[PDB]
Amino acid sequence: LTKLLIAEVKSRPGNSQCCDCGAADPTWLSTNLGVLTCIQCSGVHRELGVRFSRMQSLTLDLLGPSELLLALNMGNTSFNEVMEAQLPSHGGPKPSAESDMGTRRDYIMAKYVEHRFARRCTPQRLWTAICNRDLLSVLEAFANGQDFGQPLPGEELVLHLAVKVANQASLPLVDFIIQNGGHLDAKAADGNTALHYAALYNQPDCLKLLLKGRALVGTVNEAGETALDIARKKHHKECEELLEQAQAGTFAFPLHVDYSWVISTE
């Protein structure tokens, strides 16, 4: 399946040219952004750090369908439509395949850190985008330095709203917020996190994305309930099962106390 999906990714609009320099047949995926770059641009992405871009080679690196969710629903042309909307037809400062590293660095930093080339927008817009399942409007809000930390009027936190209203088609929007929003742990007045909301609204695929994003497991809301409590009480069995495993560290890779080291150390 991953082979079938990778082939699909590479056919997305704009995906036969590096997102940042137009080099033919990019094989480097920014998994949190859903774009493809050449080897030179990918190195620059990597050097931004994990907050901005997480680079894996389609060809060389271990990938599964989850890493491909955004890439299957973004693509270079879509992403650039928002993120290079200020750029002139002739490219301006955008590098080409043979550009020197200094130019290539300066451009990628401007494009992804400062968002220099992105469409400008300036709340109700964001609520509507989320309910519309408009991944590109969510990208635009992020490109305007938006707080996915600030409540939305339709009172609902951005990630909470995305999770509540999620269907299969809108999963990319949820994944995009989890990976790029500042505020995975935000509570909301009654103490519910996005994980509590995924339990409450029976959103097991959201739960998988939150857990993958390292959402906090086993915290309580103002009522004293965990996401697991809510799932059990609602008969949301698929959610309970995921939350039982999370609480048990089905991964998380827990460190253990080394008794020997403790004794030899006091």
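In this text, residue numbers run from 1 along the sequence as written.
- Missing coordinates between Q168 and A169 amount to none of the deposited residues, so the segment is unbroken.
- A chain break between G154 and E155 is present, corresponding to 4 to 9 residues of the deposited sequence without coordinates.
- Comparing 98 to 106 with 156 to 164, the stretch with the higher mean C-alpha B-factor in the PDB entry is 98 to 106.
- Stretches 21 to 29 and 7 to 15 differ in mean CA B factor, with 7 to 15 having the higher one.
- In the PDB entry, the Cα temperature factor peaks, among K187, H196, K111, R133, at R133.
- Taking only the listed residues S66, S57, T219, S53, the entry reports the highest CA temperature factor at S66.
- In the PDB entry, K233 places in the highest third of its chain by CA B-factor.
- Among the modelled residues of the chain, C121 sits in the highest third by CA temperature factor in this PDB entry.
- Among all modelled residues in this chain, the alpha-carbon of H90 has a temperature factor (C-alpha) in the highest third.
- In the PDB entry, a CA B factor belonging to the lowest third of its chain's modelled residues is recorded for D175.
- Residue-level temperature factors show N144 in the highest third of its chain, judged at the C-alpha atom.
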